[PDB]
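K.L.:
heads up, no residue letters with this:
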């Protein structure tokens, strides 16, 4: 994604750095109680029928890394779910 | 060992021109060649760039 950069005269841009995750120390309970809102892509029946069309395995994979920076909310799962 | 001489603080690293600089504009020395702090660089098959002192190559 950093090969496909395109600069202008108003701003020339450099290589961004991957963000250093603060989640790695503030783990706590945040992975236990909130594992379910990612999990309900697989459990609930309303999503239990696109599996022969797509696979939720990447979608559940990409959410679990972003449920950890936001503090106090189940709503953090619905972007990757939407 | 723990030598004695002229250094500069740990946030600053030594540049060729006598001044010492942070690791943002600290060049790379790939294959002897002194590359600038931002030098995207590639033959057909390999892909290499200089980020902050280190030369990140791939294939």
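P.N.:
Thanks, I have it. Numbering: from 1, shown residues only, chains lettered A, B, ... in the order given.
K.L.:
ranges for the helices of chain A?
P.N.:
A:35-43, A:57-63, A:78-81 (DSSP state H).
K.L.:
not counting the last one itself, show me its contacts.
P.N.:
In other words, helix A:78-81. A:37-38, A:40-41, A:59, A:62-63, A:66 (Cβ atoms under 8 Å, 6 or more residues apart in numbering or on different chains). C-beta: built from backbone N, CA, C; applies to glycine.
K.L.:
residue B:8 contacts residue B:14, correct?
P.N.:
Yes: using Cβ atoms under 8 Å, residue B:8 is in contact with residue B:14, at 7.1 Å.
K.L.:
which neighbours do these two share?
P.N.:
With Cβ under 8 Å, 6+ apart as the test, residue B:8 and residue B:14 both reach residue B:20.
K.L.:
returning to what we had before: in TSV: the helices of chain A, plus mean neighbour count and distance to residue A:24.
P.N.:
Output for the helices of chain A, formatted as TSV (neighbours: other Cβ atoms under 10 Å in any protein chain shown; distance: least, Cβ to Cβ, whole Å):
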stretch	mean neighbour count	distance to residue A:24
helix A:35-43	15	17
helix A:57-63	14	17
helix A:78-81	14	20
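K.L.:
so which of these gets nearest residue B:59?
P.N.:
Closest approach to residue B:59 among the helices of chain A (Cβ to Cβ): helix A:57-63, 25.6 Å.
K.L.:
beta-bridge partners for residue B:28, please?
P.N.:
Using DSSP bridges, the bridge partners assigned to residue B:28 are residue B:35.
K.L.:
and chain B, which of its residues are near chain A?
P.N.:
Contacts of chain B with chain A, taken as Cβ under 8 Å from any Cβ of the partner chain, map to B:38, B:49, B:51.
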